[PDB]
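Student: Chains as they are written, first to last, in the entry's author numbering: chain I, 55 to 191; chain U, 151 to 200; chain E, 2 to 123; chain a, 45 to 50, 92 to 117; chain S, 60 to 137; chain P, 47 to 143; chain Q, 2 to 87; chain L, 62 to 172; chain W, 76 to 175; chain B, 98 to 194. This structure is in structure tokens; I'll ask about it shortly.
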RNA sequence: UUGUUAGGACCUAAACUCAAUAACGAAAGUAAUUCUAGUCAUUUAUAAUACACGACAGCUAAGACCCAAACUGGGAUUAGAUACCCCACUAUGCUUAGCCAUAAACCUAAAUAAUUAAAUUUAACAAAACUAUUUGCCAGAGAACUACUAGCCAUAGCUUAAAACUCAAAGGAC
Ligand code: FES
Ligand SMILES: [K+]
Ligand SMILES: [Mg+2]
Ligand SMILES: [Mg+2]
Ligand SMILES: [Mg+2]
Ligand SMILES: [Mg+2]
């Protein structure tokens, strides 16, 4: 009789529904937080684009394009386009480990969207491609 | 004595080996009865089969 | 020697699954093997999507075949099963029972003194 | 053994050190 | 340096493993204190003088003799 | 000489050495329920012997069984199967504060 | 890529506490060592340097744990002076 | 090649003298305990035993120079077969040349 | 006259065997605030805390009950050729002994 | 250098042979008496603070001297500077600790 | 171009966690899984003019090519950098056949059997000290990982290795 951090299991029956939607149906908010630009895309559970935003599209430029407040603005902008399209609940898959990793999730909350879960999909190779050489500075 | 027993056990076990004659019959018995190799231990080291 | 086959089969109806297990076990015999036992583990969802013979698979039937065969037959068996269209993934290993659980008294304390000399000296 | 054992450039170093230390403090990597 | 182990220790080790320490508390200030375990080892020795050669016989018989004396021996596996 | 002199012998009160949870228990690549007890629920990563509490021998046995199971189509790699989340906790690891 | 999506590295938000979910997810990804892995995997670390570091980290941990053990072994002896005045 | 190569129907060295005593054993059981269902290491234990009987006066003793030389001739001929397929195996090429040198040393002491 | 070897064999401390998780009777000889120094007949005294219940009862001379753990607390640390001792024993105070 | 005097190891605790103690204590007490008989100065020395008052009380009872406090460097090798030109040093020092 | 794809193709390259482990191998080196072959007895130390190996980098021929990348080109920088930084791309790192034989190839510890006492820090710092045995090597410094000679699929190389000359120092730990 307690809350479960673990997400619902696909292909099973659960009592958790948000706005009369199951977990597999709630749209997904894909946040790619890189060290320079934070992009955001919201899609339906059928993989159809609904909203898109990024620090660049808001109008930030060069170094300012990669700050916390820049991603926050991008998240609010993505929310507004999604809210118009008919989105109230989002599943936040946050790829990347950049500065606007959290701020983009905070902007989406400020914009009127309700996050029900937070996933992480940062690429972690299991042995992969040789990274670039260390910078001598 | 040990080797004689081991040979005798294998000869007894060889009674139930699969062959072309009983292949189809043995296949259906396996399908009817699934097996499980899963079990878990506790902090006390006790098996906990479900 | 004694080998344990781990045969994941395509998810099918029992009539076709039984035909798949008869064709497979017959191949083992045709390669000079002596099949000892056949076990089923049930149909289940694969841990990930396995793509075999231009088809993606999410569910398969898990089966075990215990058998004896010469050391030279292991290669031929896996080659033949990989060409079968109802076999998701065949894996032959040496039978676990041939390996016997070792006997352990307990955890003997290793001193820290002898853990820092190793890390530093080499 | 163990007991005994135990202008433009400054602009680049000042900015990069800030760019990196901000990341270290945004996660529990240093400490919770 | 010689490890000091008397022959009573073989008996005492079994007593602590089977019954633990006697519920009565040791008094190490009395020079002639007789603990529950020390009485067990005195009776176990007496039976062994009679000529019993089986350790199991001496262990269960001693428990019966102390039970007659009224000592409360609890065979606590826990 | 003296009857009361100490007698050489092995320590009667010697305490038995401490065994691991899997001591003298077969570790098989098909027993995914036991294997899942030593990985992370979120990442599926194998825990170290300072977390699992296993000895050197059994730590290597579990490691070789997880990799074989993961490679043979029995066990997932990137997470723990949700069906084994209810099993007992053997690993000294608390994600929640 | 072949696994099921939304099972791995997924936390669930409790009562709209979106910050608490994120802060827990970070503690997970750090306890599992993914954070250090992603950071170090940004640039190539050469095998000779990797061994020197992992050796230093091991020896550093052993030294801190023993020093912590000694500080805790004498934690009880730090009490009011019983023999004050002598 | 060599005059004698163990047949596939031969039993392994563990049960070589045990199966004959048993009154009746199945064909399958004989096949499981034959050299067909055994590793190459098992087939070499049969080759060595044949050579010890045919050469050594006391085949029960394996610590004599003649027995040690026979043990190294089986290994040397095994490594040579290995190296005929694994032409670029440098660890076993060292094993082959070191056994040849070991045999020469023992043959010198025997002489 | 009894020999030292006989005295040691029949000594209460020799009968106790291992001192881990044993029960013994101690006597309070020194009190500093809520810390009780208790002599249980060994080489080193132990130091316990005054229990919340019946705190006033634990006065000097009061005989108590204890559960021994170690007769001397000692441990070797890295870079040390000898063990470090705090000249103290370890015990858990269980409560007053009934005079009866 | 103490192993000669140790009767043995009773489960980790060294035991001191009380027969060697009796012989050695007999010699030490006899020596301490002849020095006291000849009117020599005897100084009791200890740094154990539990027994500081007992040892000072003993020295006072005997008629001798006690130093249970912090020992100043040079007290004996540099006594003339510390105490005066003609200071008479102790003829015997008894180390209770 | 970007993001997403529970879409298709490809199987190039490298092997997270485990590894807080200390295993294997003569050394170099070796940790994704499975199977096959496989390490083993000479008393022991002691070998070249012989045999077999030998990280990285490099050459030869035909392939591979995800990513990295000397170099090269474009962009910045500065009082100016062939620098450090950014982008693009190559030799190359990979494979299969041949060659090259070099590392601080160092645990800077030759390999073995001892002993822990000789009232032995027997300089100091490293890694407590010391004995016996066998081989290799060393004999102030620069000249000199040089000249010449000889061997070698190497041709600026590799191994071997002086003299004149000039000085009263050179060198090591604190
Ligand atoms: S302690 Fe026995 S196998 Fe781990
Ligand atoms: K340029
Ligand atoms: Mg490949
Ligand atoms: Mg094999
Ligand atoms: Mg290229
Ligand atoms: Mg010359």
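Where is the CB? At the ideal position from N, CA and C, for every residue including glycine.
1. Please confirm whether residue 61 (chain S) has its beta-carbon closer than 8 Å to some beta-carbon of chain B.
2. What residue from Q:15, Q:85, Q:5, Q:66 has the CA that sits closest to residue 89 (chain P)'s CA?
3. Between which two residues does the beta strand (DSSP E) holding residue 110 (chain W) run?
4. What do you reckon, are the CB atoms on residue 94 (chain W) and residue 143 (chain W) nearer than 8 Å?
5. Using a Cβ-based criterion (distance less than 7 Å to any ligand heavy atom), does residue 103 (chain P) qualify as near ligand 1?
6. In this structure, how does DSSP classify residue 68 (chain Q) when only helix, strand and coil are distinguished?
7. With DSSP as the reference, please indicate the residues paired to residue 91 (chain E) in a beta bridge.
8. Using a Cβ cut-off of 8 Å (strictly closer), state whether residue 60 (chain P) contacts chain U.
9. Who are the Cβ neighbours of residue 124 (chain P) in its own chain at under 8 Å, not counting the five residues just before and after it?
10. Any idea if residue 49 (chain Q) is buried or exposed, counting beta-carbon neighbours within 10 angstroms, 16 or more meaning buried?
11. Any Cβ of chain P within less than 8 Å of the Cβ of residue 166 (chain W)?
12. Could you name the residues of chain E that residue 60 (chain Q) contacts, counting a contact when the two beta carbons are closer than 7 Å?
13. Under 8 Å between C-beta atoms, does residue 101 (chain a) make it to chain I?
14. Comparing C-alpha positions only, which one of B:116, B:194, B:175, B:166 sits nearest to residue 186 (chain B)?
15. Just to confirm the assignment: which complete alpha helix (DSSP H) runs, minimum length 4, are found wholly within the region 72-136 of chain P?
16. Is the beta carbon of residue 73 (chain P) closer than 8 Å to that of residue 108 (chain P)?
17. Run the proximity test for residue 100 (chain L): is its beta-carbon closer than 7 Å to any non-hydrogen atom belonging to ligand 4?
18. Which residues in chain W have a C-beta closer than 8 Å to the C-beta of residue 81 (chain Q)? List them in chain order.
19. Of the residues I:57, I:128, I:79, which one's Cα is nearest the Cα of residue 7 (chain Q)?
20. Is it right to say residue 28 (chain Q) is buried, meaning 16 or more other beta carbons lie within 10 angstroms of its own, or is it exposed?
21. Do residue 25 (chain Q) and residue 140 (chain P) have their beta-carbon atoms positioned less than 8 Å apart in this structure?
22. What whole-angstrom Cβ distance do residue 81 (chain I) and residue 172 (chain I) have, given they're in contact under 8 Å?
23. Counting C-beta neighbours from all protein chains within 10 Å, is the total for residue 96 (chain W) 16 or more, i.e. buried, or is it exposed?
24. Classify residue 9 (chain Q): buried if its beta carbon has 16 or more other beta carbons within 10 angstroms, exposed otherwise.
25. Which same chain residues end up closer than 8 Å to residue 198 (chain U) when comparing Cβ atoms and leaving out the 5 residues on each side of it in sequence?
26. Along chain I, which residues have their Cβ under 9 Å away from the Cβ of residue 98 (chain a)?
27. By the 7 Å beta-carbon criterion, what residues does the region 42-58 of chain E contribute toward chain Q?
28. Check whether the Cβ atoms of residue 139 (chain W) and residue 116 (chain W) lie closer than 8 Å to each other.
29. Name the chain L residues whose beta carbon is nearer than 7 Å to that of residue 69 (chain E)?
30. Excluding the five sequence neighbours on either side, which residues of its own chain have a C-beta within less than 7 Å of the C-beta of residue 1 (chain E), listed in chain order?
31. With a threshold of 8 Å between beta-carbons, can residue 88 (chain P) be considered close to chain Q, or not?
32. What does a CB cutoff of less than 7 Å around residue 60 (chain S) pick up in its chain, not counting 5 residues either side in sequence?
33. Closest to residue 71 (chain L) by CA distance: which of L:83, L:91, L:82 is it?
34. Applying a beta-carbon distance threshold of less than 7 Å, which residues of chain P neighbour residue 92 (chain W)?
35. Hey, would you say residue 108 (chain E) sits closer than 8 Å to residue 137 (chain P), going by beta carbons?
36. Quick one: what's residue 44 (chain Q) bridged to in DSSP?
Tutor: For this structure:
1. The residue labelled residue 61 (chain S) in the question sits at position 2 within the fifth chain. It does: the Cβ of residue 61 (chain S) has a partner Cβ on chain B nearer than 8 Å.
2. Counting from one through the sixth chain, the residue named residue 89 (chain P) turns up at place 43. When only C-alpha atoms are compared, the closest one is Q:5.
3. Counting from 1 along the ninth chain, the entry for residue 110 (chain W) is found at position 35. 110-114 is the span of the beta strand (DSSP E), which, as asked, contains residue 110 (chain W).
4. The residue given as residue 94 (chain W) occupies position 19 in the ninth chain. The residue given as residue 143 (chain W) occupies position 68 in the ninth chain. Yes, the pair counts as a contact, with Cβ atoms nearer than the cut-off.
5. Counting from 1 along the sixth chain, the entry for residue 103 (chain P) is found at position 57. Residue 103 (chain P): yes, Cβ under 7 Å from ligand 1.
6. Residue 68 (chain Q) sits at position 67 when you count from the first residue of the seventh chain. Looking at residue 68 (chain Q) - three-state DSSP - the assignment turns out to be helix.
7. Residue mapping note: residue 91 (chain E) aligns to position 90 of the third chain, counting from 1. Answer is E:8, bridged to residue 91 (chain E).
8. Position 14 of the sixth chain holds residue 60 (chain P). With 8 Å as the cut-off, residue 60 (chain P) does not count as an interface residue toward chain U.
9. The residue you call residue 124 (chain P) lines up with position 78 of the sixth chain. Contacts found: 89, 90.
10. Working through the seventh chain from its first residue, we reach residue 49 (chain Q) at position 48. Exposed, because fewer than 16 other Cβ atoms sit within 10 Å of the Cβ of residue 49 (chain Q).
11. By 1-based counting over the ninth chain, the position of residue 166 (chain W) is 91. No, no contact with chain P.
12. Here residue 60 (chain Q) refers to the residue found at position 59 of the seventh chain. The contacting residues are 117, 120, 121.
13. In the fourth chain, residue 101 (chain a) corresponds to position 16, counting from 1. Closer than 8 Å to some Cβ of chain I, the Cβ of residue 101 (chain a) qualifies, so yes.
14. What you label residue 186 (chain B) is simply residue 89 of the tenth chain in a count that begins at 1. Comparing Cα positions, the closest option is B:175.
15. 78-81, 95-98, 102-117
16. Indexing the sixth chain from 1 puts residue 108 (chain P) at position 62. Indexing the sixth chain from 1 puts residue 73 (chain P) at position 27. Yes, they are a contact pair.
17. Within the eighth chain, residue 100 (chain L) is the residue found at index 39, counting from 1. Residue 100 (chain L) Cβ: within cutoff of ligand 4.
18. Taking the first residue of the seventh chain as 1, we reach residue 81 (chain Q) at position 80. Under the 8 Å cutoff, chain W gives 107, 108, 110.
19. Reading the seventh chain from its first residue, position 6 is the one you call residue 7 (chain Q). Residue I:79 is the option with its Cα nearest to residue 7 (chain Q).
20. As a first step, residue 28 (chain Q) must be located in the seventh chain, where it is residue number 27. Buried, because 16 or more other Cβ atoms sit within 10 Å of the Cβ of residue 28 (chain Q).
21. Counting from one through the sixth chain, the residue named residue 140 (chain P) turns up at place 94. Counting from one through the seventh chain, the residue named residue 25 (chain Q) turns up at place 24. Cβ distance not < 8 Å, so residue 140 (chain P) and residue 25 (chain Q) don't count as in contact.
22. As a first step, residue 81 (chain I) is located in the first chain; it is residue number 27 there, counting from the start. As a first step, residue 172 (chain I) is located in the first chain; it is residue number 118 there, counting from the start. Residue 81 (chain I) to residue 172 (chain I), Cβ: 14 Å. No contact.
23. By 1-based counting over the ninth chain, the position of residue 96 (chain W) is 21. Exposed, because fewer than 16 other Cβ atoms sit within 10 Å of the Cβ of residue 96 (chain W).
24. Locating residue 9 (chain Q) in the seventh chain gives position 8, where the first residue counts as 1. Classification of residue 9 (chain Q): buried, given that the 10 Å Cβ count is 16 or more.
25. Position 48 of the second chain holds residue 198 (chain U). Once the five neighbours on either side are set aside, the close Cβ partners of residue 198 (chain U) are 189, 190, 191, 192.
26. Along the fourth chain, read from residue 1 onward, the residue named residue 98 (chain a) stands at position 13. What residue 98 (chain a) touches in chain I: 191.
27. 49, 50
28. Taking the first residue of the ninth chain as 1, we reach residue 139 (chain W) at position 64. Taking the first residue of the ninth chain as 1, we reach residue 116 (chain W) at position 41. No; because the gap between Cβ atoms is not below 8 Å, this pair is not in contact.
29. Mapped onto the third chain, residue 69 (chain E) falls at position 68. 93, 98, listed in chain order.
30. Not covered by the structure: residue 1 (chain E). The range shown for chain E is 2 to 123.
31. As a working note, residue 88 (chain P) is residue 42 in the sixth chain. For residue 88 (chain P), the answer is yes, since a Cβ of chain Q falls inside 8 Å of its Cβ.
32. Within the fifth chain, numbered from 1, the residue matching residue 60 (chain S) stands at position 1. Cβ neighbours of residue 60 (chain S) beyond the five flanking positions: none.
33. Counting from one through the eighth chain, the residue named residue 71 (chain L) turns up at place 10. When each option's Cα is compared against that of residue 71 (chain L), the closest is L:91.
34. By 1-based counting over the ninth chain, the position of residue 92 (chain W) is 17. By Cβ distance, chain P contributes 59.
35. If you number the third chain from 1, residue 108 (chain E) lands on position 107. If you number the sixth chain from 1, residue 137 (chain P) lands on position 91. No. Outside cutoff.
36. For this step, residue 44 (chain Q) is matched to residue 43 along the seventh chain. Paired residue(s): I:186.
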